[PDB]
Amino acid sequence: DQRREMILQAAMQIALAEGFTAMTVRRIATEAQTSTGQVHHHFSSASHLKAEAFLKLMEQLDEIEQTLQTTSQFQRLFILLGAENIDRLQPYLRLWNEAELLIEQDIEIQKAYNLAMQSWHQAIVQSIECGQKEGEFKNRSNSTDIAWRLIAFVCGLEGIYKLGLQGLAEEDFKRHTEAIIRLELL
């Protein structure tokens, strides 16, 4: 019960600091000070454990993001869309990018990555609908459409940065994200 949770917490620590490849059952058992037998008893597979820890860390990232103070949903959206660059979150963002590569070769991470994407979309929907209900955002298009378009934009922009194109500055990410938020909602 709580002992299962402490195994999960050990796995999350390794995930943040060292990534998925380091999260062997042997490693996690040593870090949790338990037996590999009890790790296997509590988790259906090593990949199940990796996916469970990943989802837990993403909810933790959600919690952390919710402690930064905001007075507008405009500010909230910048944080949710990753345009704020909080050094506290960089290991969580490194893990997210790591998980993105594993969805093609790990069935449990594939499902967990999509669950986190759906949660991200819902957090952005809630922010848009709160901003609209509070009179700050306009009602041009429906909130589900805008949320997917915002996610598509920031994911696509990061993808273009990964290419190493000439004459394209990663530093412009915030400026571009602000422009799209403004066009869609202000």
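One rule holds for the numbers: they count along the sequence shown, beginning at 1.
| Of 143-151 and 60-68, the stretch whose C-alpha atoms average the higher B-factor in the entry | The deposited B-factors put 60-68 ahead on the C-alpha mean.
| request: On mean C-alpha B-factor from the PDB entry, just flag whether 79-87 or 104-112 is the higher one. | output: Comparing 79-87 with 104-112, the higher average CA B-factor belongs to 79-87.
| request: Quick one: which of 10, 163, 25, 16 shows the highest Cα temperature factor in the PDB entry? | output: Checking the PDB record, the top C-alpha B-factor among 10, 163, 25, 16 is at 16.
| message | Based on the deposited C-alpha B factors for this chain, I'd like to know if residue 158 is in the lowest, middle or highest third. | response | According to the entry, residue 158 has a C-alpha B-factor in the chain's lowest third.
| Lowest, middle or highest third of the chain for the C-alpha temperature factor of residue 132? | Its C-alpha B-factor, which the entry lists for residue 132, ranks in the middle third among residues of this chain.
| said: Where does the C-alpha B-factor of residue 183 rank in its chain, lowest, middle or highest third? | reply: According to the entry, residue 183 has a C-alpha B-factor in the chain's middle third.
| request: Looking at the entry's B-factor column for C-alpha atoms only, identify whether residue 44 ranks in the lowest, middle or highest third of its chain. | output: As the PDB entry reports it, the C-alpha B-factor of residue 44 lands in the highest third of its chain.
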